[PDB]
Protein chains: 2
Amino acid sequence: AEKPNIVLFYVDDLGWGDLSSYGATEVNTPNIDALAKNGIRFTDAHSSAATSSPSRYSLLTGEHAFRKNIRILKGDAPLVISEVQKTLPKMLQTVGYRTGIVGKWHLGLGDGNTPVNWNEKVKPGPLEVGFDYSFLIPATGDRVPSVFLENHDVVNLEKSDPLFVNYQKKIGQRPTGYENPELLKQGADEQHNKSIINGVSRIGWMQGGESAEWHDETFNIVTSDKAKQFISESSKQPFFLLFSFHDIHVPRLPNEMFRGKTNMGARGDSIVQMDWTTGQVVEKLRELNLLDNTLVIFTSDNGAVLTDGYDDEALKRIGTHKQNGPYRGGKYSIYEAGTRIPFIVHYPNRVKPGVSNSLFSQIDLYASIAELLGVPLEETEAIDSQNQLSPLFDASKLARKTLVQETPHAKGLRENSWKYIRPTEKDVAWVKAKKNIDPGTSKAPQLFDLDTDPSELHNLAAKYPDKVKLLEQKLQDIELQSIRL
Amino acid sequence: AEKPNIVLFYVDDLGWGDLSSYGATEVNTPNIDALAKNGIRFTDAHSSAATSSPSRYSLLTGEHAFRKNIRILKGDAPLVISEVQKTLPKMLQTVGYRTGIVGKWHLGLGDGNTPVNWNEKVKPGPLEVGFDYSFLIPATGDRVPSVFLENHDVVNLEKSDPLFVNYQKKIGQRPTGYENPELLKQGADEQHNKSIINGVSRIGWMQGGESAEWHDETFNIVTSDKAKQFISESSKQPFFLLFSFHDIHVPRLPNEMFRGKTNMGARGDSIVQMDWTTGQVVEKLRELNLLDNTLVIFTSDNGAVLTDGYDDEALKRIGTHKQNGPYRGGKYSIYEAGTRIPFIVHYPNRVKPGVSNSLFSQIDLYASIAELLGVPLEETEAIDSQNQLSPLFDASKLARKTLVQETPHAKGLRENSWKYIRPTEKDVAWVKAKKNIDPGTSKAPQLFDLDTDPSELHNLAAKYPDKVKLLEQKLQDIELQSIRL
Ligand SMILES: O=S(=O)(O)OC[C@H]1O[C@@H](O)[C@H](O)[C@@H](O)[C@H]1O
Ligand SMILES: O=S(=O)(O)OC[C@H]1O[C@@H](O)[C@H](O)[C@@H](O)[C@H]1O
Ligand SMILES: [Ca+2]
Ligand SMILES: [Ca+2]
Ligand SMILES: [Cl-]
Ligand SMILES: [Cl-]
Ligand SMILES: [Cl-]
Ligand SMILES: [Cl-]
Ligand SMILES: [Cl-]
């Protein structure tokens, strides 16, 4: 009653403008739009980072990812969340929640002492950082191993055909993108052209594990079934479900029933699938009469990207679609579209519909949920997570004044509508070339007023150097922070 | 010194983001960017209307186009500016200016009593509403007759092969788009598939006049040559040159030297050509040492359109390019991109470089030039044109607080960053279907705050119903205005 269920939909690479309730016209997202229409949609909400693993780290620890220098993790990275580190699911466990995760992990698995043996129990993982149940795509959809990991075991593995991966050289006898292009459903760049699983090459080589191979085009069935089973089993008790999409990350291989539903190719059709999958979970909540007393949160790990490694026509068939809305940048960028993402709260018993323009941070989910449940936080716990339950539940309330934005190549700072980008000597020309996204680095400081210049086009750094200095000093204060408030 | 030259570059359908100095990365416009770098670039400047003829009418009469119900004129429409109406070129003539126009007219030509006889002298026209010299594309590039009109005469017309046009039925023996698709340089929709001139079908049928046919791919030479001659001849005297591009209107048929300069097809290559043509006129002013004492204004008649009637791949090869920047809509729309256009002032002897965010109106060019030259205006003259010479010349000065925006299906109103759109029952679904642009009509009133919602996505009408009433009242006051101030 006083402990509502929490379901956190976490989409992969969903851009600010990829929902029809955020202005999309080339794709319809009716299931997600109903949540927004009956809840609050936020226009200035942010992931911690512009790439997956750092934003997932900050969601779960309530702490900026640079404090542990988290970057995009490889398929065999060790777990980046410590087994005694405070986490949002662990926090929820102490008040009686059953916690589950279904879908993408990308937070590392194992201790790192020795390579993960995919044929033994895989630990530590989700179950050691506060999850009671986990059903994972271990790394990313485009990184081997292309298998599911349930709790501690690879699903449907045969002792007769053990599983190994290698990210430096070919092992095993699977066809590859570079040797066998005639077997490919989509062309792939050099990073992505290794072992072929289910007609698509991945990053890295995979040996064995044939019976454990997943089937991309039925991710929507597999994950939604597991999510439905978890909810149904936990229905008599408070539960936390983190539903971690592979959509709309590459390779986009949507179920055949969504193919051609848009004129944007595989990327647009993945948005349709992603919306269907959400409806499956929402309707299960409704039919068990859990929906009005569930805090549903729908959001994204980073901003959007069209061309991310496969020849899936995402850029050729973009049409009129503005995947990042009016905002400059995208995935990997320090401009606004790197972290400014869709963010929807739906909680009928407590949250009246509205639209909030408050500067809001996913990093504050930890402390705001702790506030909702009366959980005190230690002075060293989730140090960046602020109690923002009030603007989270009420569209008229303000939230942050200041928020740091993070990428590997540069840090930035929002202060109200001011946007500051720290200069860097680092060279990231591969983002413009390969990703068709301006990463946003300049060897000069950048300052923008988003009210008049929402697309970050007119650098005001030389017009307001005192403002630049003030924002850089504020960014240093945050980098140096070590306890709460 | 006190009577500077005025050269007004007026581009066809140039979107807010189609210049590299407004953020374009898929096309470079170095000549125009140099004008912005050494002058004022405006970020909130507006044509009066979202279509050609109403915005040209308002440019020349200093009066909103709805006061005469001006709409897109077909090729044989009569002159919409009366021979005794006060006009900006007529105003300039009384102060010692030689006035010329080179390029697109689209303001009508007959007196309306009888159809224009293209084989006789064509009057009234530019010479009857304040121009001393005119070399015209009479209607639009895609409307017959595909001939030039110099002063009162069709250029290179032969009595032995007289010229006739018909917009309702086929006349003459010219091939047509519907009969002879194998002759077309580009595919055409039904409105555009009539008489073939120079390998491209047009709107309407054209008979005779073979020697007077223009050549689209040499418009850049013809118009820049005519503008260079006019400047060269009038160089010893103050002059006003209105240089009215066909670029980047359909059909986009740029000179061969610009083909392939962008990866956007014919539309992108037309932006490059348009930039070359501007440089030709700018460099002629420089060679005659007139550039420093010339007020150069570069702007556009309405917002951008990709698919406007020909299969020129404008939408298929758009790539990452945002022709309207962050703004919703485009050509034909009542949303911001309908009228929010590029606007650059270059006048080194009086105008210091800068970027201005002031709400600015092309309609105010009449009164602001009158102020610059000390010309008093009658109480019934250019009634919507306000003196805004100060923010025109100074990037630090504010201009308008209120501005009405015009389309045939609905009117709108800006008040600071508030945007109000009046409701309408009228049906313009063909804009979405044929033009891939949201025309912006809703049966309900719309109100947006552009500071937080620059893309006009969150209707605030029901949250601030008093603000709606205020702006509707301001809009009616303007509709009822009849004199100046
Ligand atoms: O959303 S993320 O998981 O952070 O994306 C990780 C990315 O790694 C990059 O190195 C690849 O080229 C991308 O294709 C993508 O896999
Ligand atoms: O810039 S404008 O002259 O207003 O464009 C006029 C437009 O009229 C429409 O009926 C045609 O489909 C367009 O192709 C275009 O010619
Ligand atoms: Ca991601
Ligand atoms: Ca136009
Ligand atoms: Cl990285
Ligand atoms: Cl990698
Ligand atoms: Cl490559
Ligand atoms: Cl019209
Ligand atoms: Cl010359």
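Side chains included, hydrogens not; waters and symmetry mates left out as well; all remaining heavy atoms used. Every chain is numbered from 1, with letters handed out A, B, ... down the list of sequences. Atoms within a ligand are numbered from 1 in the order they appear, just like the ligands themselves.
Heavy atoms of B:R56 found under 4.0 angstrom from ligand 2: none, in either backbone or side chain. The proximity of B:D308 to ligand 2, defined as any non-hydrogen pair under 4.0 Å, involves the side chain as well as the backbone. At a heavy-atom distance under 4.0 Å, only side-chain atoms of B:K435, from C-beta outward, approach ligand 2.
Applying the 4.0 Å criterion to heavy atoms of B:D12 picks out, from ligand 2, the atoms 1 (O). Residue contact check: B:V250 has heavy atoms under 4.0 Å from atoms 14 (O) of ligand 2. Atoms of ligand 2 lying under 4.0 Å from at least one heavy atom of B:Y332, given by number and element, are 7 (C), 9 (C), 13 (C), 15 (C). Each of the atoms 3 (O) of ligand 2 lies under 4.0 Å from some heavy atom of B:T140. For ligand 2, the atoms sitting less than 4.0 Å from at least one non-hydrogen atom of B:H106 are 3 (O), numbered in the order shown with element in parentheses.
By the 30° and 60° cut-offs, the orientation of the rings of A:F9 relative to A:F298 is tilted. Relative orientation of the B:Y332 and B:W430 rings is perpendicular, given thresholds of 30° and 60° on the angle between their planes. The aromatic rings of A:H246 and A:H249 lie tilted to each other, with the angle between the two planes from 30° to 60°.
Inclusion of B:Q191 in the set of residues having an N or O under 3.5 Å from an N or O of ligand 2 is warranted. Every N/O-N/O distance between B:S53 and ligand 2 stays at or above 3.5 Å. For B:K74, no nitrogen or oxygen atom sits less than 3.5 Å from a nitrogen or oxygen atom of ligand 2, counting backbone and side chain alike.
Within the 4.0 Å heavy-atom cutoff, B:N302 counts among the residues contacting ligand 2. The shortest separation from a heavy atom of B:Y310 to ligand 2 is not under 4.0 Å, leaving the residue out of contact. Ligand 2 does not have B:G309 within reach: every non-hydrogen atom of the residue lies 4.0 Å or more from it. For B:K331, the heavy-atom gap to ligand 2 drops under 4.0 angstrom.
If you check the side chains of A:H106 and A:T140, you find no donor sitting under 3.5 Å from an acceptor.
In this structure, A:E406 contributes its side chain and A:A65 its backbone to a donor-acceptor pair below 3.5 Å.
Between A:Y327 and A:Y335, the ring centre distance reaches or exceeds 6.0 Å.
Only protein N, O or S atoms were considered, and those under 3.0 Å from the Ca ion (ligand 3) are A:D12 OD1, A:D13 OD1, A:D301 OD1, A:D301 OD2, A:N302 OD1.
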Could you please spell out the steps behind the side chain to side chain contact (heavy atoms under 4.5 Å, CB included) verdict for B:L60 and B:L107? CA-CA 10 Å; B:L60 294 187; B:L107 286 178; 3.6 Å; yes
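Sparse packing is recorded around NZ of A:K434, with 12 or fewer heavy atoms of other residues, nucleotides or ligands lying under 6.0 Å away. Within a 6.0 Å radius of NZ in B:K185, more than 12 heavy atoms belonging to other residues, nucleotides or ligands are found.
By the 4.0 Å N-to-carboxylate-O rule, B:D18 lies close enough to B:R267 to be salt-bridged with it. Salt bridge A:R252/A:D308: absent, no basic N to carboxylate O contact under 4.0 Å. A:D301 and A:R56 are joined by a salt bridge, as a carboxylate oxygen and a charged side-chain nitrogen come within less than 4.0 angstrom of each other. Salt bridge annotation for A:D216-A:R202: present, with a cationic side-chain nitrogen under 4.0 angstrom from a carboxylate oxygen.
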